[PDB]
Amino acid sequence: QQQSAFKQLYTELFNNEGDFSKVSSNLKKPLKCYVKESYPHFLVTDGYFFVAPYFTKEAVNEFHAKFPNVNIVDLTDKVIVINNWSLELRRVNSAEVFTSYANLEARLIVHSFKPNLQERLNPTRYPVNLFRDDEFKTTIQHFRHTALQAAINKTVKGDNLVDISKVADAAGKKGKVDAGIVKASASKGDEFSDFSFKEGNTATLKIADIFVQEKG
């Protein structure tokens, strides 16, 4: 039994080809999470790991409406309750996004969240980046291994085996190693990208804009 709500949710998302409708329904309930940081990065925890929530322009306007005396960029060490949320996979540059791995990211799309101002939460272990967790990374790698292996078995065909005479009697034979390189898929670039999940799309606000919207 997975004690981390986030770990479980994101794991099922990946084990279900990024399809949020296939993830257990008994997991799409309101999320009460502790705010670890709010600026420059807004990170919330579930008691075990931290994740970065992506707020829609609608969600923030609704927030500022129901809670005029509350600035989001100042919710650090405070608790929030996300009543309406969704998850989706996105291709990113893990070299720049630390809340991602292997150029993949599972995003927590926030549509509506209430700030339970001054609610003291129970003591927990130090929160760790979910995209740095051994099992979770391995779950992502499983995801790509399945994508890759399917792509390869569709791309490579005909059994173009190196002629045995090339590796036999190779006394006066020289060759370039790159001759062993085989394209994995019909991808356009030098990066593998032949995945079946349909990359979710949804406009989200940059934590910097919400900072200016509350203090130019």
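In case it trips you up, residue 1 is the first one in the sequence shown, and so on. Rigid core: the largest C-alpha set superposing within 1.5 Å between the two forms.
**Student:** On a core superposition, give the stretch, 112-120 or 94-102, with the larger average C-alpha separation from this form in 8 other deposited structures of this protein (RMS over structures and residues).
**Tutor:** Taking the RMS over all superposed structures in 8 other deposited structures of this protein, 112-120 lies farther out.
**Student:** Per the entry, where is the mean C-alpha temperature factor higher: 140-148 or 110-118?
**Tutor:** Stretch with the higher mean C-alpha B-factor: 110-118.
**Student:** Compare the mean C-alpha B-factor of 127-135 with that of 70-78 as given in the PDB entry, and name the stretch with the higher value.
**Tutor:** Comparing averages over the C-alpha atoms only gives 70-78.
**Student:** Looking at the C-alpha B-factor values in the deposited entry, which of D159, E62, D163, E37 comes out highest?
**Tutor:** In the PDB entry, the greatest C-alpha B-factor among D159, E62, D163, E37 is found at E62.
**Student:** Sort the modelled residues of this chain by their C-alpha B factor and say whether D178 lands in the lowest, middle or highest third.
**Tutor:** Tercile = lowest for this residue's CA B-factor.
**Student:** Ranking the modelled residues of this chain by C-alpha B-factor as given in the entry, is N153 in the lowest, middle or highest third?
**Tutor:** CA B-factor rank for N153: lowest third.
**Student:** Can you tell me whether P30 has a C-alpha B-factor in the lowest, middle or highest third compared with the other modelled residues of the same chain?
**Tutor:** It falls in the top third of the chain.
**Student:** Comparing against every modelled residue in the chain, figure out the third that the C-alpha B-factor of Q8 lands in (lowest, middle or highest).
**Tutor:** Lowest third - that is where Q8 ends up once the chain's C-alpha B-factors are sorted.
**Student:** Which third of the chain holds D46 when residues are ordered by C-alpha B factor: lowest, middle or highest?
**Tutor:** Lowest third.
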